[PDB]
*Asks:* 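Sharing a structure with you now.
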Amino acid sequence: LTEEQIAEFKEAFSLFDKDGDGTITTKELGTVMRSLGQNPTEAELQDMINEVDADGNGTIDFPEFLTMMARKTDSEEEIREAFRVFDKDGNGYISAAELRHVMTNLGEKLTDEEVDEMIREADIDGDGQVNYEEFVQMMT
Amino acid sequence: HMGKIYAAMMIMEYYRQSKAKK
Ligand SMILES: [Ca+2]
Ligand SMILES: [Ca+2]
Ligand SMILES: [Ca+2]
Ligand SMILES: [Ca+2]
């Protein structure tokens, strides 16, 4: 696996592990879901955790979070939303500016250079922006 | 740094995808 999927699978964890004690709780998950505009019941959070909790200790460690990411096919409908969510002004293209905002909503306060490289990396046709298709590949 | 987007995506799916368990 890439040296690159390491830091990548890592940050993903860090989105939830807000204290960074090393394990993910209902509380943390919960706060994350509220950031995303959802409001899950106590039972749903437990229930979400239960499906991946290999060792039955009610929390989620790093490798169980790998069980999460690997397991979950209706991709397009969820992605067309993500695009919509990013494309704040919905002109059909996501700008560096609009990307900054999103990373931030997630908590990652980025170097601008990282944001441009992010754009530079998903930008297929080279116009400086990410359009729907480019987004589709950046994401899939 | 695509890490976090992937997660929001997943978990979102997860939440509905788990809540098809109620
Ligand atoms: Ca934690
Ligand atoms: Ca566990
Ligand atoms: Ca736009
Ligand atoms: Ca482009």
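Read the numbers this way: they start at 1 and go in the same order the structure lists the ligands and their atoms. Order of the sequence lines fixes the chain letters, A, B, ..., with proteins taken first and strands second; residue numbering starts at 1 for each chain.
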*Asks:* Find, among atoms of A:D19 that are N, O or S, the one nearest to the Ca ion (ligand 1), and state its name.
*Replies:*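 In A:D19, the N, O or S atom with the shortest distance to the Ca ion (ligand 1) is OD1.
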*Asks:* Counting backbone and side-chain atoms alike, is an N, O or S atom of A:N91 positioned under 3.0 Å from the Ca ion (ligand 3)?
*Replies:*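 So A:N91 does bind the Ca ion (ligand 3) by this criterion.
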*Asks:* Need the atom name: nearest N/O/S atom of A:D21 to the Ca ion (ligand 1).
*Replies:*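 Result for A:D21 and the Ca ion (ligand 1): OD1.
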*Asks:* How wide is the angle at the Ca ion (ligand 4) between OD1 in A:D123 and OE2 in A:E134, to the nearest 10°?
*Replies:*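 Here the angle at the metal atom is close to 80°, to 10°.
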*Asks:* Does A:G107 offer a backbone N or O that forms a donor-acceptor pair with the side chain of A:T104 under 3.5 Å?
*Replies:*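 Checking the backbone N and O of A:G107 against the side chain of A:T104, no donor-acceptor pair under 3.5 Å is found.
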*Asks:* In A:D87, the N, O or S atom nearest to the Ca ion (ligand 3) is which?
*Replies:*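 Looking at A:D87, the N, O or S atom with the least distance to the Ca ion (ligand 3) is OD1.
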*Asks:* Output all residues satisfying side-chain contact (heavy atoms from CB on, under 4.5 Å) with A:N131, sequence neighbours left out; order by chain, then residue number.
*Replies:*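 In terms of side-chain contact (heavy atoms from CB on, under 4.5 Å), with neighbours along the sequence ignored, A:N131 is linked to A:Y93, A:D125, A:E133, A:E134.
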*Asks:* Check whether any N, O or S atom of A:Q129, backbone or side chain, sits closer than 3.0 Å to the Ca ion (ligand 4).
*Replies:*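 Coordinating: yes.
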*Asks:* Report whether any nitrogen, oxygen or sulfur of A:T25 sits less than 3.0 Å from the Ca ion (ligand 1) (N, O or S, backbone or side chain).
*Replies:*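 Within the cut-off used here (under 3.0 Å), A:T25 places no N, O or S atom near the Ca ion (ligand 1).
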*Asks:* If we count only N and O atoms by modelled type, under 3.5 Å, do the side chains of A:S14 and A:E11 hold a donor and an acceptor together?
*Replies:*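 There is no such pair between these side chains.
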*Asks:* Is any side-chain heavy atom of A:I24 closer than 4.5 Å to a side-chain heavy atom of A:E64?
*Replies:*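 When only atoms from C-beta onward are counted, A:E64 and A:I24 do not touch, as no gap falls below 4.5 Å.
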*Asks:* So which N/O/S atom does A:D17 have closest to the Ca ion (ligand 1)?
*Replies:*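 Atom name of the closest N, O or S in A:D17: OD1.
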*Asks:* Restricting to N/O/S atoms, is A:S95 within less than 3.0 Å of the Ca ion (ligand 3) or not?
*Replies:*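 Short answer: no, not a single N, O or S atom is under the cut-off.
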*Asks:* Check side-chain contact (heavy atoms from CB on, under 4.5 Å) between A:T59 and all other residues, then give those that pass, not counting sequence neighbours.
*Replies:*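 Partners of A:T59 by the side-chain contact (heavy atoms from CB on, under 4.5 Å) criterion, ordered by chain and then number, come out as A:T23, A:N57.
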*Asks:* Donor-acceptor pair, distance only, cut-off 3.5 Å: does the side chain of A:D61 make one with the backbone of A:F65?
*Replies:*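 Flag not set: sc A:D61 to bb A:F65 has no pair under 3.5 Å.
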*Asks:* So which of the N, O or S atoms of A:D89 lies nearest the Ca ion (ligand 3)?
*Replies:*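 When I compare the N, O and S atoms of A:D89, OD1 is nearest to the Ca ion (ligand 3).
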